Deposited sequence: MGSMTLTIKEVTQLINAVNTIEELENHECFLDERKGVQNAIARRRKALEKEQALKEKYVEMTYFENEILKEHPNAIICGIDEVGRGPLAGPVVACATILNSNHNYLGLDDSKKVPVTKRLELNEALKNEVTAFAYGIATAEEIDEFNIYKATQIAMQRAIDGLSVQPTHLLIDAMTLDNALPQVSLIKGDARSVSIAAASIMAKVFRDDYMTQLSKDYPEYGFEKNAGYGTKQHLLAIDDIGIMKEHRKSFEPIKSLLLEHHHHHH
């Protein structure tokens, strides 16, 4: 029992590498992790979360659904700060999904009770004037980022679940907006709605042929 437990602790410390390097140079640092979900679906918002972990954070296990829900509630109960940033399907169509994701991440920063001094970000740079580290597979490299992605995930899934109540035909509660055959057949049947991303294929090409 002291082994498997050691492994989780050891993993957790490796995943604090980047916060610890910053802290070494700045013990003052207010370190905020940022991740997003929802870049891939055909429908729904893109949802970013920004989180500053409490200094004595020890969310070991930072991923199946029971575990995700547990950590989601633990983080919400003990973290120094967290806030969600949303960019709508319309903004995604206007700005493209990359840029809409940047808007979502900054919106997440603005909603924080505490302004961060440093950002750890999953595969993204933000124009804002802050020091930041963009990390590939950030959610596996940083506890702050992993927390953010978990919280973003639960939020977006809850959102799409709420959506499926008002729009049952598209199958949102099951597909979370991905363009499955069911989702695409619903579109063929009753058309798109305000959560659909017009800039995303296969909708993009379907709108063309319709206008032609």
>> Counting from residue 1 of the deposited sequence, where are the gaps with no C-alpha coordinates?
In response: 1-46, 109-113, 264-266
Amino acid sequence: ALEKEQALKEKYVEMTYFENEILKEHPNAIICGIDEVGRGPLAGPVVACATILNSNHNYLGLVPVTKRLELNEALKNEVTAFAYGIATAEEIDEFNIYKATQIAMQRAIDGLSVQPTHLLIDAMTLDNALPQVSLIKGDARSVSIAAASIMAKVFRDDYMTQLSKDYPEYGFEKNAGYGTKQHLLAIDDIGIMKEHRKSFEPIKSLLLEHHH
From here on, numbers count along this sequence of modelled residues.
> Is the mean CA B factor in the deposited entry higher across 86-94 or across 110-118?
Replying inline: 110-118
> Of the two stretches 173-181 and 50-58, which shows the higher Cα B-factor on average in the entry?
Replying inline: 50-58
> Can you tell me which of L71, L135, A129, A100 has the highest Cα temperature factor in the record?
Replying inline: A129
> Going by the deposited entry, which of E195, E201, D188, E10 has the highest CA temperature factor?
Replying inline: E10
>> Where does the C-alpha B-factor of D166 rank in its chain, lowest, middle or highest third?
In response: highest
> What third of its chain's C-alpha B-factors does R156 belong to: lowest, middle or highest?
Replying inline: lowest
>> Which third, lowest, middle or highest, does the C-alpha temperature factor of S144 belong to within its own chain?
In response: lowest
>> Could you place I31 in the lowest, middle or highest third of its chain by Cα temperature factor, using the values in the record?
In response: middle
